[PDB]
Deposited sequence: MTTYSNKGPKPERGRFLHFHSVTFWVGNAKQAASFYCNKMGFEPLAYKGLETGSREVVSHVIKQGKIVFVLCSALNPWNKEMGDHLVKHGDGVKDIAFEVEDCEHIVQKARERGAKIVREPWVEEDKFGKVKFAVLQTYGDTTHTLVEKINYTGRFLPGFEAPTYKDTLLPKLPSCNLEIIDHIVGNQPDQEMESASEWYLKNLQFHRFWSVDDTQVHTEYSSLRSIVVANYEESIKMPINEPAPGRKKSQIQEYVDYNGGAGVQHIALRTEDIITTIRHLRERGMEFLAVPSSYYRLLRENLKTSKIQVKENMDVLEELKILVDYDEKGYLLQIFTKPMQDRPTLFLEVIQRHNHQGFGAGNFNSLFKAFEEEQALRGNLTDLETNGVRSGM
């Protein structure tokens, strides 16, 4: 686990910022199909002339959908052309932002944006931006006084989707893990970035999972050994492969996501055949009805106390890059290890 960082603390995942072709429509999609609700907005009517942001939320999970407002936006434009719709930033909520940044800077990290504070009638938030793998960044968020719904400069949603209230709740709670795919031979250095610059440790296809000291933030890093390489080809470099969202009841979550029209990967019925006979001879017993798990196409993986339940959406875009995961944990910490093979 290494030494306990003397200063600073990464509390949790604060938000995930997506740079997409059409933020409005991306926001419509994640709300309707994945159970998110509109939280806040920033764009032409709030005085924001370069970038639009639609902020949506479910449980603790905050996704931010961004688009350029102007033709020939260099940085957002290049990224859009390069990656397609995908993750730009992984935000962490922290204690002592200034020290985390000092430390990261000393150790070699590139500071994209030096610490800054933004305030309203609701209080102050301190921010800083660092560069991780590929074009992916981390925004550090340190709330001082704050009482606001999301962040300073973001107004109430400009819009409303009247269908949202009529669709069933998906009950997704919090971000469990966010995976970063790397080019050939860049897994060590991508992960070393966290070990050195942020004082993470190794928590736990070629993979390595890094985690903050208290292990509230988990970030798997993969390299090809290939699915990963396909990712890289279509992403044109390193980036987020999947986001895992945790639920406390995956049967209800997947039933409601499926009712909303979300599609998941196919699982052959022999998976369940094997799973049932494997389970007979073992310590662990799955609480969730096996007949319904199989109907729903949920995967199970188990150790000697616990078991995870997990399931993977179809890609969020036509490029074979980003997808989502829904996971439920029963005293287990592994990641789908067994199901990966089958």
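A.B. asks: Got a list of the deposited-sequence ranges with no coordinates?
C.D. replies: Several stretches lack coordinates - namely 1 to 6, 211 to 223, 245 to 249, 367 to 393, in sequence order.
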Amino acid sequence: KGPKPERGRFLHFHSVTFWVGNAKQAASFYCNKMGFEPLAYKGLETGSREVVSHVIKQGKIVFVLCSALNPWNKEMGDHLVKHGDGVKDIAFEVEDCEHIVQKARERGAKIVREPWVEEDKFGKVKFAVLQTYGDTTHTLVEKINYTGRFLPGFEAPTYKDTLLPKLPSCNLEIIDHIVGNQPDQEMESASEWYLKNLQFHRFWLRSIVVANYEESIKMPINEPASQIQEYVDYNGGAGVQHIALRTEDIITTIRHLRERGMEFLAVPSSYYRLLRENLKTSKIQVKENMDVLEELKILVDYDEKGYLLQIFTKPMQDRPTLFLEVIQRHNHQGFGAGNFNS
From here on, numbers count along this sequence of modelled residues.
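A.B. asks: If you average the CA temperature factors as listed in the entry, which stretch comes out higher, 239 to 247 or 102 to 110?
C.D. replies: Here the higher of the two C-alpha B-factor means belongs to 102 to 110.
A.B. asks: Comparing 88 to 96 with 112 to 120, which stretch shows the greater average C-alpha B-factor in the deposited entry?
C.D. replies: Taking the mean C-alpha B-factor of 88 to 96 and of 112 to 120, the larger value falls to 112 to 120.
A.B. asks: Tell me, please, which of 134, 148, 183, 165 has the highest C-alpha B factor according to the deposited entry?
C.D. replies: Among 134, 148, 183, 165, the highest C-alpha B-factor in the entry belongs to 148.
A.B. asks: Have a look at 332, 14, 24, 319 and flag the one whose Cα has the highest B-factor in the entry.
C.D. replies: Answer, based on the entry's C-alpha B-factors: 332.
A.B. asks: State the tercile, meaning the lowest, middle or highest third, of residue 75 with respect to the CA B-factors recorded for its chain.
C.D. replies: For residue 75, whose C-alpha B-factor we compare with every modelled residue in the chain, the answer is the lowest third.
A.B. asks: Thinking about Cα B factors across the chain, which third does residue 41 belong to?
C.D. replies: For residue 41, the deposited C-alpha B-factor lands in the middle third.
A.B. asks: Comparing against every modelled residue in the chain, figure out the third that the C-alpha B-factor of residue 170 lands in (lowest, middle or highest).
C.D. replies: Its C-alpha B-factor belongs to the lowest third of this chain's values.
A.B. asks: For the chain shown, is the CA B-factor of residue 252 in the lowest, middle or highest third of its modelled residues?
C.D. replies: Lowest third - that is where residue 252 ends up once the chain's C-alpha B-factors are sorted.
A.B. asks: Please rank the C-alpha B-factors of the chain's modelled residues and tell me whether residue 204 sits in the lowest, middle or highest third.
C.D. replies: Top third by C-alpha B-factor.
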